[PDB]
Amino acid sequence: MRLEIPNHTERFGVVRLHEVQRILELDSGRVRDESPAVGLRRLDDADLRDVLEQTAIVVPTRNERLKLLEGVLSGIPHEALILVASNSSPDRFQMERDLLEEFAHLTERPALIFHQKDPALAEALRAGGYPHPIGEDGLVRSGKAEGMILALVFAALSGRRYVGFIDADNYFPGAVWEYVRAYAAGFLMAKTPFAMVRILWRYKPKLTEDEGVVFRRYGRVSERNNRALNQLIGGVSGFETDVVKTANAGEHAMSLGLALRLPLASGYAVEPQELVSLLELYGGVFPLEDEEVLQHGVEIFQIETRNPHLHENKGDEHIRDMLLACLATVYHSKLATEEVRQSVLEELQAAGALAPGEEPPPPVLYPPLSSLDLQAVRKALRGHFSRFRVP
Amino acid sequence: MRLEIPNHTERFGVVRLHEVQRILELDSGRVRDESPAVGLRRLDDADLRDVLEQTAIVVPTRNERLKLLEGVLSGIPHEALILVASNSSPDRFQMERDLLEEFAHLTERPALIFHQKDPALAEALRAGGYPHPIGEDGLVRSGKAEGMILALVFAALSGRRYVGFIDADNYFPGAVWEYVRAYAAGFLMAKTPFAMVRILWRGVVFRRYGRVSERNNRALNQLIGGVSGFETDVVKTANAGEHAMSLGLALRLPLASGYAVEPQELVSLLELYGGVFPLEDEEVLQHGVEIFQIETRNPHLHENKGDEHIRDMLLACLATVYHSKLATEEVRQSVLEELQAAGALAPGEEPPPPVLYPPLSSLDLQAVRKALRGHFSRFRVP
Ligand SMILES: [Zn+2]
Ligand SMILES: [Zn+2]
Ligand SMILES: [Zn+2]
Ligand SMILES: [Zn+2]
Ligand SMILES: [Zn+2]
């Protein structure tokens with residue numbers, strides 16, 4: 001993989017937020033003659049695969065088409081682990097298990113699969129002193145955040161350093177292959193054990209070009225979200241930026257060391273929160289206690305894939321609460337300067353937030369997973385790793 | 001790349017058509033030991049790239065969106081030689097050389113690019129005593145067939161062993177990638193210098209298109225079954241535009257001119273090597289021919305309009321069959337019914353016979369290198 005090298009990079013504390021870098025070439029072969037290009041970077045295949053051997057790839061599902069989900073698997077680079085995180089119909093789950101075993105069997109490759117509403121998992125967490133997501137029904141509640149918590153525990157238990165997430169909603173297994181290598185690309189390029197890789201794919205329309213009156217309005221929001229994020233940064237920085245182009249980077253990857261360090265939000269605020277949290281924690285505008293991070297800093301990679309991201313999902317409550325969740329997390333940052341709060345307030349109640357006079361509900365964040373006793377977890381799950389493990 | 005073993009295999013003279021193999025895993029990684037569970041074929045990435053290192057990838061273009069074409073190039077594996085075969089409008093073509101020079105520069109890799117209508121390329125073939133594709137205006141005529149001819153020439157000249165074609169129409173570089181790797185996979189499973197790889201992929205108009213194809217592949221299995229005496233289901237890729245093939249095999253095939261190429265390709269393999277005729281090719285008689293049909297994980301989203309475009313695709317195809325010197329009476333017969341049953345015309349009406357170009361072996365490369373001598377560098381892209 002050849003990548004362009006971000007011409008600019010945003011320094012915010014010990015955070016290093018790099019501009020969007022385009023993938024120039026998907027598979028740039030086996031390097032022998034290095035030629036040193038200053039402007040771009042050629043990732044050697046074998047390096048990429050070595051990173052991927054240390055990577056778990058989480059593929060969440062809640063009653064996704066199987067045909068699609070299986071197609072997503074075929075495309076995942078061989079070296080990566082593969083964890084299917086499930087919240088599907090009791091019996092749909094069963095099919096997914098069957099689907100994964102067959103695949104893993106045939107591809108001679110290891111995999112785990114688990115279910116959000118599994119009670120063992122609920123016990124596992126509270127044994128490790130992290131009861132924070134358990135429902136009243138006595139088990140880990142549904143939610144995006146809740147999913148990741150389970151994902152990161154398995155990543156951890158499995159001994160991988162890197163974990164990244166793929167949307168099973170993808171007609172294109174080749175697109176998946178690129179997205180995963182791009183994570184590897186990111187961690188390769190990275191120079192600190194605290195790293196995040198956030199994929200995007202961005203598209204230019206026009207007056208004489210079709211997109212449907214719903215793909216259009218989807219761009220109109222991410223643009224604003226990214227905006228609201230640079231508004232937050234700029235607010236602290238004093239210098240107006242435009243570096244975040246990935247506020248809603250659902251498909252993202254993150255070194256476990258970084259992952260376990262961040263808090264997490266429940267709704268659509270997740271992706272946007274990640275960023276906010278990183279800046280709150282490592283922006284400098286606060287005492288930062290953590291030695292190793294302050295010492296190596298954080299790099300956030302924003303990589304632009306060659307393949308279109310075509311995931312089937314739309315309508316109001318999607319695209320709308322998409323907006324509300326995000327600008328709420330900004331309004332509430334411990335980093336917001338008054339003008340940032342206000343600028344953001346307006347877009348909300350002047351697009352429905354029931355005014356005048358109204359505030360978004362604050363973020364509801366889980367605490368970092370560093371908290372969680374992993375040994376207690378390993379002890380608490382002894383007699384069940386059979387059933388998570390797919391031979 | 002892991003893929004399924006083909007269920008069965010049609011032996012026909014020294015030709016063997018393999019049944020479809022589904023790609024199961026996009027990238028199987030690096031083998032260092034084996035439990036090669038013979039259910040499937042696991043293919044090492046080193047071996048794949050070693051093959052790619054001797055493969056030309058032709059990308060034709062006739063006035064293609066440019067973003068669309070860059071995209072495609074980005075998805076070609078590194079080890080492959082990139083051949084852009086243009087017949088675009090004059091300055092669209094200038095944009096093309098530009099686009100490719102910038103690509104190949106930044107990605108540190110060799111490309112070729114030529115324009116079908118270039119006067120030097122006429123001379124070049126003249127000299128090598130293959131004057132056939134040159135037309136009235138003293139230039140090579142437009143057409144799928146003619147494109148390929150020029151493309152095989154460069155492939156040859158540049159000493160690559162395998163040539164594959166790829167459709168610039170693709171919205172997904174990641175698809176391109178799987179495609180080109182698929183080609184390599186075929187050659188790597190090939191147990192013969194002479195091999196073919198054909199890619200396939202299993203809207204009321206798409207329906208009409210799907211149907212037209214079912215019918216095309218049918219006609220091709222009747223042709224086969226007609227000679228062996230036993231019905232075969234094999235051949236699912238009668239119209240497989242995206243195919244690769246080994247140069248040895250390419251320079252040996254005659255070439256039908258337009259919408260008839262891919263089917264004719266199959267027909268000719270059978271006439272020539274299917275053992276019903278005098279076969280003098282010490283090498284082909286002795287290594288034989290493998291045809292691979294590979295089903296890709298990645299869909300094919302080539303925008304292809306015109307309803308009648310597809311009608312043409314049909315007549316095109318049943319024509320090559322009707323006219324094979326291998327069609328029994330009853331094959332010649334069914335095809336016919338079927339045809340005039342939606343076109344062809346009259347109570348009866350013999351579809352036009354195929355205008356074929358003869359094999360490119362009939363050509364003298366060194367004459368050609370001679371003639372292209374002072375020019376190889378407007379074709380070579382630094
Ligand atoms: Zn810049
Ligand atoms: Zn995506
Ligand atoms: Zn069959
Ligand atoms: Zn021999
Ligand atoms: Zn295709």
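Residues numbered from 1 in each chain as written, not as in the entry; some residues may be left out. Chains lettered and ligands numbered in written order. Heavy atoms only, no water.

(A) Broad picture of the overall build of chain A. A count of helical and extended segments in chain A gives 14 helices and 14 strands. Here the C-alpha atoms of chain A give a radius of gyration of 21 Å, agreeing with the 21 Å that 2.2 N^0.38 yields for 391 residues. Its C-alpha atoms give chain A principal-axis dimensions of about 60 × 55 × 50 Å. Relative to its 391 residues, chain A shows a buried fraction of 56%. (Helix = DSSP H or I, 4+ residues; strand = E, 2+ residues; numbered from the N terminus. Rg over C-alpha atoms; globule rule 2.2 N^0.38 Å. Buried < 20%, exposed > 50% of the residue type's maximum accessible area, 1.4 Å probe, protein only.)

(B) Region of the structure containing the packing of aromatic side chains. Residues and elements named next belong to chain A. One pass over the full model with this rule turns up twelve aromatic pairs over all chains. Judged by centre distance (4.3 Å) and plane angle (15°), the ring pair of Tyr162 and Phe187 falls under stacked. In this pair, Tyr162 sits in strand β8 (residues 162-165) while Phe187 sits in helix α6 (residues 173-189), placing the two residues 25 residues apart along the sequence. Accessibility assignment for this pair places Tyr162 and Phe187 in one class, buried. For the ring pair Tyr203 and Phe215, a centre distance of 5.0 Å and an interplane angle of 90° mean the geometry is edge-to-face. Pair noted here: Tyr203 is in the loop between β9 (195-200) and α7 (212-237) and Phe215 is in helix α7, with a separation of twelve residues, a long-range link. Through successive ring pairs, a cluster of aromatic residues spans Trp201, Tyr203, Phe215 and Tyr218. (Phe/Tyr/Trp six-rings, centres within 6.5 Å; stacked < 30°, edge-to-face > 60°.)

(C) Spatial organisation of the UniProt feature "binding site: Mg(2+)" (unreviewed entry) in chain A. Residue and element names in this part refer to chain A. Taking the numbering used here, the UniProt-annotated feature "binding site: Mg(2+)" (unreviewed entry) corresponds to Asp169. With respect to the element layout, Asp169 can be found in the loop between β8 and α6. Here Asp169 falls in the buried class, since its relative accessible area comes to 6%. Every residue in contact with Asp169, bar those within four places of it in the chain, is listed here: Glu64, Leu68, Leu310, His311, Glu312 and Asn313. (UniProt positions renumbered as here; feature names shortened; annotations may be inferred. Contact = heavy atoms within 4.5 Å.)

(D) Quick look at unusual backbone geometry. Cis geometry marks the peptide bond from A:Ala355 to A:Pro356; its omega dihedral reads 0°. Topologically, A:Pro356 is positioned in the loop between α12 (338-349) and β13 (365-366). Although it is not a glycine, A:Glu108 sits at a positive phi angle of roughly 55°. Take A:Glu108: it is sitting in the loop between α3 (90-107) and β7 (111-115). On the basis of relative accessibility, which here comes to 37%, the residue A:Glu108 falls in the partly exposed class. Residues other than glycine seldom take positive phi values, yet B:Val235 does so here, at roughly 80°.

(E) Quick peek at the coordination of the zinc ion (ligand 1). Residue and element names in this part refer to chain A. For the zinc ion (ligand 1), every protein donor is listed as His8 (ND1), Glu19 (OE) and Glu19 (OE), and the spread of their distances is 2.1 to 2.6 Å. Highlighted residues: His8 in the loop between β1 (2-4) and β2 (9-12) and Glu19 in strand β3 (residues 15-25), separated in sequence by eleven residues. Look at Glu19 and you get partly exposed, because its relative accessible area is 25%. (Donors = N, O, S within 2.8 Å, 3.2 Å for Na, K, Ca; no water.)

(F) Region of the structure containing the pairing of strand β5 (residues 55-58) of chain A. Residues and elements named next belong to chain A. Burial along β5 is two-sided: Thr55 and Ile57 facing one way and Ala56 and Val58 facing the other are all buried. As paired elements, β5 and β8 share four bridges and run parallel to each other. Paired with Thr55 across the two strands is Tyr162, which belongs to β8. (Pairing = 2+ DSSP bridges.)

(G) Just the UniProt feature "binding site: Zn(2+) 3" (unreviewed entry) in chain B, in detail. Residue and element names in this part refer to chain B. In the numbering used here, UniProt assigns the "binding site: Zn(2+) 3" (unreviewed entry) feature to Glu283 and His287. Residue placement: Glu283 occurs in the loop between α9 (261-273) and α10 (284-287). Under the relative-accessibility criterion, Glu283 is labelled partly exposed at 41%. With near-sequence residues (within four places) excluded, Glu283 lies in contact with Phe194, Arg252 and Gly288. Residue placement: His287 occurs in helix α10. Beyond its immediate chain neighbours, meaning those up to four positions away, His287 contacts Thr192, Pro193 and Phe194. Looking at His287, its side chain comes within polar contact range of the side chain of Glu283, at 2.5 Å. (Polar contact = N/O pair within 3.5 Å; in protein donor to acceptor, adjacent residues only side chain to side chain.)

(H) The coordination of the zinc ion (ligand 5), seen in detail. Residues and elements named next belong to chain B. Protein-derived ligands of the zinc ion (ligand 5) are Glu242 (OE), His300 (ND1) and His302 (NE2), with the metal-ligand distances lying across 2.1 to 2.3 Å. Each donor residue of the zinc ion (ligand 5) lies on one chain, and together they are spaced E-x57-H-x1-H. Placement of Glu242 in the loop between α7 (204-228) and β11 (243-246) and of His302 in the loop between β13 (289-295) and α11 (307-323) is noted, with a sequence separation of 60 residues between them.

(I) Quick peek at helix α6 (residues 173-189) of chain B. A rise of 1.5 Å per residue sets the reference length of α6(B), with its 17 residues, at 24 Å; its end C-alpha atoms lie 24 Å apart and thus fit the reference within 8%. Judged by how many residues are buried, α6(B) sits mostly within the fold: 16 of 17 residues are covered. (Expected span 1.5 Å × (residues − 1).)

(J) Quick look at the UniProt feature "binding site: Zn(2+) 3" (unreviewed entry) in chain A. Residue and element names in this part refer to chain A. According to UniProt, the "binding site: Zn(2+) 3" (unreviewed entry) feature falls on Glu292 and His296. Along the chain, the position of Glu292 falls in helix α10 (residues 291-296). With respect to the element layout, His296 can be found in helix α10. Owing to a relative accessible area of 37%, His296 belongs among the partly exposed residues under this scheme. Contact partners of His296, with chain neighbours within four places excluded, come to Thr192, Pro193 and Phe194.

(K) Quick peek at the nonpolar core. Of all hydrophobic cores here, the largest spans 96 residues; its most connected members are A:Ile76, B:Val59, B:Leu73 and B:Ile166. Contact partners of A:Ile76, with chain neighbours within four places excluded, come to A:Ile57, A:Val59, A:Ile82, A:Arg109, A:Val176 and A:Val180. By size, the runner-up hydrophobic cluster in this structure holds 78 residues, among which are A:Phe194, A:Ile233, A:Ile300 and A:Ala336. (Core = buried A, V, L, I, M, F, W, Y, C linked by side-chain atoms within 4.5 Å.)

(L) Main features of the UniProt feature "binding site: Zn(2+) 1" (unreviewed entry) in chain B. All names here are of chain B. In the UniProt entry, the feature "binding site: Zn(2+) 1" (unreviewed entry) is given for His8, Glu19 and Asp233. Discounting chain neighbours no more than four positions away, the residues touching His8 are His18, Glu19, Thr232, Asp233 and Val234. Looking at where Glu19 falls in the secondary structure, it is placed in the loop between β3 (15-18) and β4 (21-25). Once residues within four sequence positions are removed from consideration, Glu19 is found in contact with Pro6, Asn7, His8, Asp233, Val234, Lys236 and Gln293.

(M) Summary view of the interface of chain B and chain A. Facing the 43 residues of chain B at the interface are 41 residues of chain A. Together, B:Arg30, B:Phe172 and B:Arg297 form the three largest contributors to the area buried by chain B at its contact with chain A, with a combined 19%. At the surface where chain B touches chain A, the tally comes to 16 salt bridges. A salt bridge links A:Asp50 to B:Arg30, with the nearest nitrogen and oxygen atoms 3.3 Å apart. At the boundary of chain B and chain A, one finds 23 residue pairs in polar contact. For the side of chain B that touches chain A, the secondary-structure elements that each account for two or more residues are β4, β5 (40-42), α1 (45-52), α2 (66-74), α3 (90-106) and α6 of chain B. Counting residues per element, the side of chain B that touches chain A draws most heavily on α6(B), which supplies five residues. (Buried area = accessible area lost by both parts, 1.4 Å probe. Salt bridge = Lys/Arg side-chain N within 4 Å of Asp/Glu carboxyl O.)

(N) Structural view of a nonpolar patch on the surface. A cluster of nonpolar residues, B:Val227, B:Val276 and B:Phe277, forms a patch on the protein surface that exposes about 210 Å² of accessible area. Counting through the fold element by element, B:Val227 comes out in helix α7. (Patch = residues over 30% accessible without salt bridge, like charges linked within 9 Å, V, L, I, M, F, W, Y side chains within 5 Å. Areas by Shrake-Rupley, 256 points an atom, 1.4 Å probe, with all protein chains shown as cover.)

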